[PDB]
């Protein structure tokens, strides 16, 4: 359960490696339901965020609050993510997590598109923990690719994360974990939520106002 999973794995694993994976997070029924909602978003051309603003990502994204009609199971996923982070309260490094972003739903077309190497939060914008959920049924990375490769600072080796179905991924959002998405040869879906550190976000606000 959430508390046991948080205190006995996520907290120790995050403090040791900064990268954490939870498999079969929600179960098959809920996983396929989340997939159905995401596919509905894709089929009705909802991945149009940024499409009206001038400058280059190759994927398509949309932001989900979780309470929109047809997005309820995504909201349920977001609730479960929150339960875990809440049960970690105060024990995740030195962070005091007080908020989060909406869910970013990302679609990778499958024509070799991936995501260039980057750092999620390199300039202290307040994001401390990156949470990704994968909903790709029967993903065989040997053929379909789409592996997320993370290069943790203070490790010799890199960490390869297959976007397997019903998999949850946690990692520090700062310079410790640069990462890239390898080319995708099948439609690849991911849902990402970012949690905020209170004081770092306050410092960021002060910088914006100063």
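For clarity, a rigid core is taken as the largest C-alpha set superposing within 1.5 Å between two forms. Residue numbers count along the first chain shown, from 1.
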Judged by RMS Cα deviation after a rigid core fit in 5 other deposited structures of this protein, the more variable of 26-34 and 151-159 is 151-159
Between 167-175 and 37-45, pick out the one whose C-alpha positions differ more from the shown form in 5 other deposited structures of this protein, using the rigid core for superposition.
37-45
How many residues sit between residue 55 and residue 56 in the deposited sequence but have no coordinates: none, 1 to 3, 4 to 9, or 10 or more?
4 to 9
Looking only at CA atoms, which has the higher mean B factor in the entry: 201-209 or 3-11?
201-209
Do the C-alpha atoms of 147-155 or of 161-169 have the higher average B factor in the entry?
147-155
Max C-alpha B-factor within the set 48, 182, 44, 177 falls on 48
Specify which of 80, 89, 130, 111 carries the largest Cα B factor in the deposited PDB entry.
89
Give the position of residue 95 by CA B-factor within its chain, expressed as the lowest, middle or highest third.
highest
Assert third(CA B-factor, residue 73) within chain per record equals middle
